[PDB]
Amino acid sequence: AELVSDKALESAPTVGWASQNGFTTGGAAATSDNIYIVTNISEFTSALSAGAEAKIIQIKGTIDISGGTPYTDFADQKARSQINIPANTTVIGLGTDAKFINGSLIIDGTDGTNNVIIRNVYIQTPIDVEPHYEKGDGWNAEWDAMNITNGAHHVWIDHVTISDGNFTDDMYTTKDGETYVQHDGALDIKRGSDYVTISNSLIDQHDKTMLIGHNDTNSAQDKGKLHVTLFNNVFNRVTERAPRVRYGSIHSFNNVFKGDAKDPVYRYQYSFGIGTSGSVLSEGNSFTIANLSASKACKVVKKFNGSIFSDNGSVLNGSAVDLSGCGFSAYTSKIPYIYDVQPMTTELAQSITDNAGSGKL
């Protein structure tokens, strides 16, 4: 098909881990036969069947992963809603409304998948039709909006929006006397995945958001991997994990975090979660948290079994913050790429907010 957007051939920026130890070009080298325009789930999976061949898949309108048939149970949702994105693929949205609903985009390196670009698309978090009950935790949902796993590497997520959208948590029902949680994580990066860059994106209205590194049996294999760079993104009405990381090394700069500690649906808990062997370098980030005092600024970061966290130049509710005394160890590994961290002013925060998300490429 014809290439509508010339911007589709662009590779990841010089800044970011997705451009370290190799480049993330997606399907920039695709032949005309591997350039597609898809308007439904059938055309989407057909295009994806090109495998590792460089391919550019242009999304037009809303793609219903369920194909119009609601999932009847877990097995059904597992069998039909998880869409694998193969190596050397660029999934780019056309215009202002490229969207995915009722499913998950999976970047699974178990088959060697790498070099993937997901850009200018909106992904509504899936609703698990059959949450499983966990002894001591209650109902737990299984599916996320996007999952990077099993060693997938060199992934660039740009101008993407992930939101609970049409079904927010205040709409949850109850089953057997417990809140029937049907949303799981939003964006997960785990199991040895590496070299990822998340830019100009928006995650809006969601609880358990971004988990980098999962508590697995042989997690030591995550050591020295899961390097993720996040810049110019907006995390709005997100309860927690932006991200919560274990083993991975996160570089989060000039992002906007907006929430309310008394939000009636997505009550802000914290932004950065410092888990086992995880590290986070926060720079020039903007935190606008309603009902959060400057005296409790340390609440933007939460310590789990990890220790490494450093912040430089961030601001909370219009005033600069000093988190050096929050109880964490210094982030010392040197960032390998050149990057421009600007002072977090009211205007920068506004610009980031105005530009973040899908439909703004």
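Residue numbers here begin at 1 and follow the sequence given.
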Legend entry - Unmodelled residue 221 in at least one third of other entries with both flanks present: yes
Inset, instruction - Please work out which of 133 to 141 and 247 to 255 has the higher mean CA B-factor as recorded in the PDB entry. - result: 133 to 141
Inset, instruction - Select between 218 to 226 and 180 to 188 the stretch whose C-alpha atoms have the higher average B-factor in the entry. - result: 218 to 226
Inset, instruction - Go through 325, 61, 306, 26 one by one and give the residue whose Cα B-factor in the PDB entry is largest. - result: 325
Legend entry - residue 37, C-alpha B-factor rank within chain (lowest, middle or highest third): middle
Legend entry - Within-chain third of residue 159 by Cα B-factor, per the entry: lowest
Legend entry - Third of the chain, ranked by Cα B-factor, where residue 263 sits: highest
Inset, instruction - Check where residue 317 lands among this chain's C-alpha B-factors and tell me if it's the lowest, middle or highest third. - result: middle
Inset, instruction - Relative to the other modelled residues of the same chain, rank the CA B-factor of residue 171 and answer lowest, middle or highest third. - result: highest
